[PDB]
Amino acid sequence: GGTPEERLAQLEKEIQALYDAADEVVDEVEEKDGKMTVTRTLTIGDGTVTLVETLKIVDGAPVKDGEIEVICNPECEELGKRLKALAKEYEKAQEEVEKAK
Amino acid sequence: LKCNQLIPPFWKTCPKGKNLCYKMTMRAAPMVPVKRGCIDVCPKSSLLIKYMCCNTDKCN
């Protein structure tokens, strides 16, 4: 890799490329009793990917509540393993840019 | 610091400890705010959510 800012831009490109390759993308935001659920459904060929991020609303602001969930009718174990690793790597890249600034 | 609220056209004079404005959107829809107001620390963006933070009046 290059600089922390360049490594973050590459991860942004990989994330965007995932949603561009999807045939359709449907989003849903649900909230109830300080619990917020962010669901994105990707249509990829005949199958589907369901991405679920859950957050707890503390002091009116969203706070991360667990890692992202990847659910599929086939077996997104490997895809979910890459997506869950991509999420954690995407978070460290932002951390390193923020520590620099 | 005054930050725009999720319901326009209202703003909020931030209390002590919240020196940032933030807007929360889905990664594909930057023009549809999900959360919007004062905050202390900028949340890190995720695979589905993008956070934009700023520190001037009504910037979010």
# chains A, B, ... in the order shown; residues from 1 in each chain; ligands from 1

$ interface_residues --of "chain B" --to "chain A" --cutoff "7 Å" --atoms "only C-alpha atoms" --output "count of residues only"
4

$ residues_around --residues "residue 59 of chain B" --least-positions-apart "6" --cutoff "12 Å" --atoms "only C-alpha atoms" --output "short mmCIF file (atom, residue, chain, number, x, y, z; two decimals) with N, CA, C and O atoms, in the first residue's frame"
data_model
loop_
_atom_site.label_atom_id
_atom_site.label_comp_id
_atom_site.auth_asym_id
_atom_site.auth_seq_id
_atom_site.Cartn_x
_atom_site.Cartn_y
_atom_site.Cartn_z
N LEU B 1 -21.76 26.17 19.00
CA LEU B 1 -21.97 25.41 17.78
C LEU B 1 -23.44 25.06 17.59
O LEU B 1 -24.09 24.53 18.49
N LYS B 2 -23.97 25.37 16.40
CA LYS B 2 -25.33 25.03 16.03
C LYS B 2 -25.29 23.99 14.91
O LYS B 2 -24.63 24.20 13.89
N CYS B 3 -26.00 22.88 15.10
CA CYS B 3 -26.05 21.80 14.13
C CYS B 3 -27.48 21.58 13.67
O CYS B 3 -28.42 21.61 14.48
N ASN B 4 -27.65 21.36 12.37
CA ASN B 4 -28.97 21.05 11.83
C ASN B 4 -29.49 19.74 12.41
O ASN B 4 -28.73 18.79 12.60
N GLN B 5 -30.78 19.71 12.69
CA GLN B 5 -31.43 18.51 13.20
C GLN B 5 -31.99 17.69 12.05
O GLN B 5 -32.06 18.13 10.90
N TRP B 11 -32.42 23.58 14.19
CA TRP B 11 -31.04 23.36 14.60
C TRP B 11 -30.98 23.18 16.11
O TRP B 11 -31.99 23.34 16.81
N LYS B 12 -29.80 22.85 16.61
CA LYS B 12 -29.60 22.61 18.04
C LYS B 12 -28.27 23.23 18.46
O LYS B 12 -27.23 22.89 17.90
N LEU B 20 -19.04 18.90 17.49
CA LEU B 20 -19.09 18.49 16.09
C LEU B 20 -20.54 18.35 15.65
O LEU B 20 -21.41 17.96 16.43
N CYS B 21 -20.79 18.68 14.39
CA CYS B 21 -22.02 18.33 13.71
C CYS B 21 -21.78 17.09 12.87
O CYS B 21 -20.67 16.85 12.39
N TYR B 22 -22.83 16.29 12.69
CA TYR B 22 -22.71 15.06 11.92
C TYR B 22 -23.99 14.81 11.15
O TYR B 22 -25.08 15.19 11.58
N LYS B 23 -23.84 14.15 10.00
CA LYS B 23 -24.97 13.67 9.21
C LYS B 23 -24.74 12.20 8.89
O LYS B 23 -23.63 11.80 8.53
N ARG B 36 -28.90 13.17 12.23
CA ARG B 36 -28.36 14.50 11.95
C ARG B 36 -28.42 15.39 13.19
O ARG B 36 -29.51 15.67 13.70
N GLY B 37 -27.27 15.85 13.67
CA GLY B 37 -27.27 16.73 14.83
C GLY B 37 -25.88 16.89 15.41
O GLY B 37 -24.87 16.72 14.72
N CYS B 38 -25.85 17.24 16.70
CA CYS B 38 -24.59 17.37 17.42
C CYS B 38 -24.05 16.00 17.81
O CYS B 38 -24.81 15.03 17.94
N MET B 52 -20.62 12.01 7.88
CA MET B 52 -19.96 13.27 7.53
C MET B 52 -20.00 14.18 8.74
O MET B 52 -21.08 14.44 9.29
N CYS B 53 -18.83 14.67 9.16
CA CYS B 53 -18.73 15.51 10.34
C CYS B 53 -18.08 16.85 9.99
O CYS B 53 -17.28 16.94 9.07
#

$ closest_residue --among "A:44, A:56, A:21, A:70" --to "residue 48 of chain B" --atoms "only C-alpha atoms"
A:70
